[PDB]
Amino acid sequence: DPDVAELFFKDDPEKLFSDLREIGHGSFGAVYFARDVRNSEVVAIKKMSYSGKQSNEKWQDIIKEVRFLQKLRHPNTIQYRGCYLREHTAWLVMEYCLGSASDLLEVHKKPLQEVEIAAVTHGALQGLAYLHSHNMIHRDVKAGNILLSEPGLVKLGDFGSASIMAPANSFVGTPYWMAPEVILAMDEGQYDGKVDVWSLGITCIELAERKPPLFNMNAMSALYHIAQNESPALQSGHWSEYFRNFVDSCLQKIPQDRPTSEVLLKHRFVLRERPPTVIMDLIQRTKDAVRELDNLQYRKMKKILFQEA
């Protein structure tokens, strides 16, 4: 318990939080919307069992993650609110969002508007320039790990694969979005946070085209490809040159040619002016459409309306 001492609140989560509903999961275990009893606020809770069979890898992960989460302070990363412990489950509480930019593309079955890709990209990029300014790497940027919360703010989530020190060398991320240099590092190599720049690139395509390139190949093949092959780009002709240059910039296959996140922050793509309501407007079409969905009880996507139930 030295770390339990150092890192957790001592209250019992089962008395603080109620009306848990699962909203996502993964290797760790599930993520839930919940109501904080003390103030009637909604939260997100990521439960991580360390009972499993082998608690060891599991617990270690938990603590590593808490230590990392304790360190963030920026409006474009998901806010961490502390963690609790009962009966071999650590609970990690966080702010709550409507949903991910993926949920956006699953609900409309349509890539977003270019303006909305810009607002989204722009916010994730602030988030990334922040981590990078602290020598952190996310390592798993994708539409899925990009959350929107009203008023209308874009935030990076899932730091499960994150690294506390650039340059790093380990083999993580999700295959289709991985950068060439993360793949090469299987073999004996290293990478910046420019790897998040690459993944942001794929994320742009994914926001523009609903799927990243290579989505239609198994992962090992996609890996051999991303690496050994030439680098993709947006496929339509119809997107501004601004957007198009952004992506080709993020997608420099050679790191020294890839601009840092700090640099992209000033790119014309992300600076061209836009309505201030974009995100909050996006969000609104997004609930309208989920409500205009048939048999709302048999909806994957009903997640988006939880706060109202």
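A residue's number is simply how far along the shown sequence it sits, counting from 1.
Taking the mean C-alpha B-factor of each stretch as recorded, 126 to 134 and 85 to 93 are not equal, and the higher mean is that of 85 to 93.
In this entry, 235 to 243 shows the higher mean Cα temperature factor of the pair 206 to 214 and 235 to 243. Between the residues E273, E65, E262, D248, the entry's highest C-alpha temperature factor is the one at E273. For the set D103, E116, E188, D140, the PDB entry puts the maximum C-alpha B factor at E188. Among all modelled residues in its chain, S199 ranks in the lowest third by Cα B-factor. Among the modelled residues of the chain, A44 sits in the lowest third by CA temperature factor in this PDB entry. When the modelled residues of the chain are ordered by C-alpha B-factor, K110 sits in the highest third.
Ranked by Cα temperature factor within the chain, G157 sits in the lowest third according to the deposited record. Among all modelled residues in its chain, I283 ranks in the highest third by Cα B-factor.
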